């Protein structure tokens, strides 16, 4: 595979960028649309849907269970029922949302369904949620990929305790299907350190938009009542995590970058995102339904807690590496990143140090000292965000090439084109 040269920016970047739909919201809409259909309420449409490897693994996942998902561009329609055929086998790829959101759904079928995924996916947390499904009535063969959900046409539900410190999607995947369990579901997260609060909140907000009743008034506890899932039309927002990679270009170059269609009120963590950018003295303005960020002429080291927004770590580490010479930056709250797509703290540390930088893994994060970097080969580890972080570095360091820019297809197949167009 040839490498991808990251274009430099010897002058301030100036651009207007459109990023496609949110991955998290798209895959939640598809699951909720499948439950509505399976319950007999009809077809649903998702407008502004992201088309990417992660959402294609989700819809093929639904098609393996018996549903029908149509559409050619960003408009997808879900219909049919759950009714897996003999030998049914879901390919999870490296998509955590499929690995975590679809086995509960599968418990509604009365046929066996295998789950499998990439070799790299078998190293990601899954056992605690499989135990929970067992405690709820479901026969499950195996405690990791590949495993089998031998459903019985329905699922009693009830109450269940789970340690979700490793991934918030253990809660989301349980909450998304709870409305079709006989008794509904009460879920209790045991212990502490529950990462990615905004994504559990995303699930709760979208469940309510589908008319489901969920009680989240007590931290670490969720109660969902059994009831209908509504057939409705979903409108998908731009992906704000991917927008941060383009915004990062304004920040490091002293430039200006605008994002079209930025939601004024979102189901995503927009508030956390804009604060972080302003921590570095970027000027952030809302204008034209677009968000404009103006980078500072320079910035120093920063301390930032990423517990609620861990998927920002690859782009924010790159920003930290490009701060003024000798700046020290500390990224915290992200031990669970040791189990993402790749172990993101080990990988970021390796690739920054390869470029002559200074990044040290900590028990919950990274400490990074800005130092002159040199050319090299930035490795992606099959991870869309490692790849974009390589692109951010390259804006300010000649000679950087990402080995596998096609890794970006997980959530942004058109990144190379969009990125060229911005820097141009």
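Numbering follows the first chain given and starts at 1.
Between 241 to 249 and 156 to 164, it is 156 to 164 that carries the larger average Cα temperature factor according to the deposited entry. Judged by mean Cα B factor in the deposited record, 39 to 47 ranks above the other of 39 to 47 and 25 to 33. Going by the entry's values, 287 shows the largest Cα B-factor out of 312, 205, 287, 318.
Among 282, 175, 270, 139, the highest C-alpha B-factor in the deposited entry belongs to 282. The entry lists a Cα temperature factor for residue 210 that places it in the middle third of the chain's modelled residues. Annotation for residue 380: CA B-factor lies in the highest third of the chain's modelled residues. In the deposited entry, the Cα temperature factor of residue 396 places it in the highest third of its chain's modelled residues. Among all modelled residues in this chain, the alpha-carbon of residue 20 has a temperature factor (C-alpha) in the lowest third.
Sort the chain's modelled residues by C-alpha temperature factor and residue 54 lands in the lowest third, per the entry.
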